[PDB]
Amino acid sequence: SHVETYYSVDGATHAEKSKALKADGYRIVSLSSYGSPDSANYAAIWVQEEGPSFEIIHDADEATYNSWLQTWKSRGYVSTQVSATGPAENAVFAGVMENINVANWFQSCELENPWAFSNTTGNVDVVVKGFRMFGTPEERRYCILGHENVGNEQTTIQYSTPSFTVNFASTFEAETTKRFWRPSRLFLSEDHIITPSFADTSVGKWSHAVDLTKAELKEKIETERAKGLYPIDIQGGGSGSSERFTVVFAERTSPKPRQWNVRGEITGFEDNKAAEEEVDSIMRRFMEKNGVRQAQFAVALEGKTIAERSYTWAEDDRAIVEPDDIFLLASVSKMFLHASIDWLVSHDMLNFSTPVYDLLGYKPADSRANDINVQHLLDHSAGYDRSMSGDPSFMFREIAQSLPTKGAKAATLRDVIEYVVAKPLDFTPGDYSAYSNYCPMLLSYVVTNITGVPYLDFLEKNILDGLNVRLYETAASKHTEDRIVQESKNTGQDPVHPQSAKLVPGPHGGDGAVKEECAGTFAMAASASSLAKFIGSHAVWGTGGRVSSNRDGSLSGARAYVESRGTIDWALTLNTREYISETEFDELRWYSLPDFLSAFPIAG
């Protein structure tokens, strides 16, 4: 639990301190090598706790390191730290091998490009555990070490190549704007380039400093120690006068464990308690394997909830999901648009046959766009193929920049429509269907245009019948204390501030959508229960009353599924789409949960 740190020590001092700390029940959790290969310096962190046997090496040339690596590999040991300093031909190496059980690990110190590490790892997702960009600027070499990502941990590392240098301040700001995201390591090269790695695991309060002299580091370590933060990473770079340090501090030595929580009741089943045990077992296996933190399952019969199970597999700093919490619905949002158009047609305010752009007063660049009717947009047969021409729903930034205001103002729904009506169709209306986010955007504008009511107002008054279905607002700052965390590793350029260079999280504009203009297509949020209830009297797919079909949505931060099968309706919400693969999700929604509904009947 006690944390011992040293930095700016030579091989001989490292070896003395190592032998004494180890003999007094410490294990090495961080090793950095830096400086000149003829006089390398070391920074190390040691934690006083029990654990498996380990081996360390330092001042090792390539031959000695590879021989020692291969030797301890052959004895079941696993590389957990790797560092190198100097020109390729002349480099010295340091490392830690541990007697741990890791299925698959990978390491190369011969990479000339860090992106080449994927060829080493094949089809296996890894968490990078060790790194050093060594060599020289003209002849760059990389040590990269990765462990198989058991638990599907969410991580990033931003590499610098001979042809691109990471701006550390802007990367650090972008990555830590994502909720719970924190530095794991701040790797540092001899030419003072930071290669930072991030995680959304929790070590309590944390802090960091970069570009520190040993004097500044010593002060910073004392400052943080008084506050009860201890070093979890330390990295040196440079020799002599230009020696500098990165450091990350945390309250804890290791990530908090996740804890399992379930809320809600199954009420309308033959054997309610045996139904809970089985579906809990299914969801628990899925969430543990895929590292999913927050999820909901719900069954409804004729618009009435007969089952709700809300699931948390999360550290104690994530809210415990309840059945009435709301999840970003992504393209499940579309069934509310279909219901809105159904309302307008059956109240004689619109026809399936109504030509849309003539109704709006637009003169398309494509004569064929004059034939696009309400039905074409419901069916996605209107002529918009995003595989050919890209997806307008994620082009708000590029669209705003094309305006006369030249990116000073965010693009509106109307701006996207005007942009699209001035571009050709990809195909003749009605020839085939191509799944389109844009088609229900244009129909959401038609709803406002015909009624003079904002789409959200129209939904509350005439469609939702008091269901808590809400716009998921774009801005990250509106979501910083939300119970439900919409999780993505991803960041992108900001469509709300189209002249800003600063990357925003994927669920908060990073994916390229302004959610305020996408209520009709994927920007709504609701409970699984609200979904299961709604599809009881509305088409889950297509337009009209209840049908036997299903609908899903995928955005950065969200996965949702709803299905009407037989007499009942069921829904599933996840706080992520970054589960392991589609095959994990498809198995859950197409075998596991349907096979549960078969094996556990509703009340007789």
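Numbers for residues come from their place in the sequence shown, where the first is 1.
When the two stretches 135-143 and 521-529 are set side by side, the higher mean Cα temperature factor goes to 135-143. In this entry, 343-351 has the higher mean Cα B-factor, the comparison being between 343-351 and 312-320.
Highest C-alpha temperature factor among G557, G51, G536, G553, as the PDB entry reports it: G51.
Per the PDB record, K273 has a higher Cα B-factor than any other of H479, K273, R258, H497. Among all modelled residues in this chain, the alpha-carbon of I326 has a temperature factor (C-alpha) in the lowest third. Sort the chain's modelled residues by C-alpha temperature factor and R252 lands in the middle third, per the entry. The deposited CA B-factor of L503 belongs to the middle third of values across its chain. The PDB entry assigns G238 a C-alpha temperature factor belonging to the middle third of its chain's modelled residues. Compared with the other modelled residues of the chain, the Cα B-factor recorded for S33 ranks in the middle third.
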